[PDB]
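The chain that follows stands alone, in the form deposited without this ligand, written as structure tokens.
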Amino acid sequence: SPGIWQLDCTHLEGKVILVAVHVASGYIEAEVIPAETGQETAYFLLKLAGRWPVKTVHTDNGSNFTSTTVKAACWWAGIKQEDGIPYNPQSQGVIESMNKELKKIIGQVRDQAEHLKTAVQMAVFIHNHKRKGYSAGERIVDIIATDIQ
């Protein structure tokens, strides 16, 4: 459970925003890419897994689930690849809500940056530091530290 992440893909300004959410904490990492390909998704997971102890990834769609490049990256990084089928139906609406929230934050910072990618990273910052009184950033560290001990 401290090792579970969910992939999520959303669109803005004719570009793709790839998101990984740490399910237990709500902590996210994100990147802007021209389009969702197996190679981009594989590279993103490789980055994620070098930064956080990723055990399981729920993929965002069947193309990334099937992608041989994605499967190779998960093998390389010791990640168990799974489907992201909302067996809990709450799950899809939660993602939708996260995408709406992220896009809201992007809109609030959009004018402070020329390039979308910069605005996305600012939104990641704001999302992860937001107090809700712990932040997502604090929760993920606490969850994983507890798990290490």
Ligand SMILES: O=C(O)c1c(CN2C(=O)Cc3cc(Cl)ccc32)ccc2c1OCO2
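Note that residue numbering follows the sequence shown and begins at 1.
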>> Between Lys132 and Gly133, how many residues of the deposited sequence have no coordinates in this entry: none, 1 to 3, 4 to 9, or 10 or more?
In response: 4 to 9
> Do the C-alpha atoms of 34-42 or of 82-90 have the higher average B factor in the entry?
Replying inline: 82-90
> Taking only the CA atoms, which stretch has the higher mean B-factor in the record, 95-103 or 61-69?
Replying inline: 95-103
>> In terms of recorded Cα temperature factor, pick the maximum from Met122, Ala113, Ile28, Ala49.
In response: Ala113
>> Lowest, middle or highest third: which one holds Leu12 when the chain's residues are ordered by CA B-factor from the entry?
In response: highest
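Although not depicted, the form solved in complex with this ligand is the subject of the following passage.
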>> At 2.4 angstroms from backbone or C-beta atoms, do at least 3 atoms of this ligand clash after superposing the site C-alphas onto the pose in the entry with it bound, making the site blocked, or is it open?
In response: open
> Each of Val23, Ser97 and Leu102 near this ligand in the entry with it bound, meaning some heavy atom within 4.5 Å?
Replying inline: yes
